[PDB]
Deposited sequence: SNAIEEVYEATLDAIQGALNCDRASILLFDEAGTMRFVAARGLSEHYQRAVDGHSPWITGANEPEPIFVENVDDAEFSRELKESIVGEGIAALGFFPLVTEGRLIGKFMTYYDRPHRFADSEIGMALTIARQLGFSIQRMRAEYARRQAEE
């Protein structure tokens, strides 16, 4: 049965070669409008639990170069620091310009982002977006 689950891990593979940071995640909206993990590596189960209900959201990247110099809640923040995360990249996934979810990169030390990384990161998010668009779609259609 259809495994975009294999595409998610593939993308996690590609993120870690392409962008050489310590962990990564993919999340997508559920019907409630809340972002949910569909794929991770290697953030712990304890962190993903803490955070699952909480992030979002015209669709552009977001970079926390240091969680300290960062306007988060002290609640959310100790979760992040607790996991051993010092920096974060948020990268939108879209269909038809609809925000559909995001992927995330995580760093143990603070981090500044090159144009080249951001570019690769954007190309990754582009492909996932289309992968999900096409896999979802004609599984919708291989029915009618």
- [ ] Counting from 1 along the deposited sequence, give me every gap where there's no C-alpha, start to finish.
- [x] 58-62, 150-151
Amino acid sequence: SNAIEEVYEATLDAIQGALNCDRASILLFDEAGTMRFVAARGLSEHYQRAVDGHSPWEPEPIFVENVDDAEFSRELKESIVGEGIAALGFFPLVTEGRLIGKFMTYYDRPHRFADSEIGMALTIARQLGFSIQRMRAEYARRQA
From here on, numbers count along this sequence of modelled residues.
TODO: Using only the Cα atoms and their B-factors as the entry lists them, report which of 48-56 and 109-117 averages higher.
DONE: 48-56
Open item on the list: When the Cα temperature factors in the entry are averaged, is it 91-99 or 30-38 that ends up higher?
Closed with: 91-99
Open item on the list: Comparing recorded Cα B-factors across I85, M104, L43, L76, which one is largest?
Closed with: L76
Open item on the list: Quiz for you: based on the deposited Cα B-factor, which of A18, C21, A10, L128 is highest?
Closed with: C21
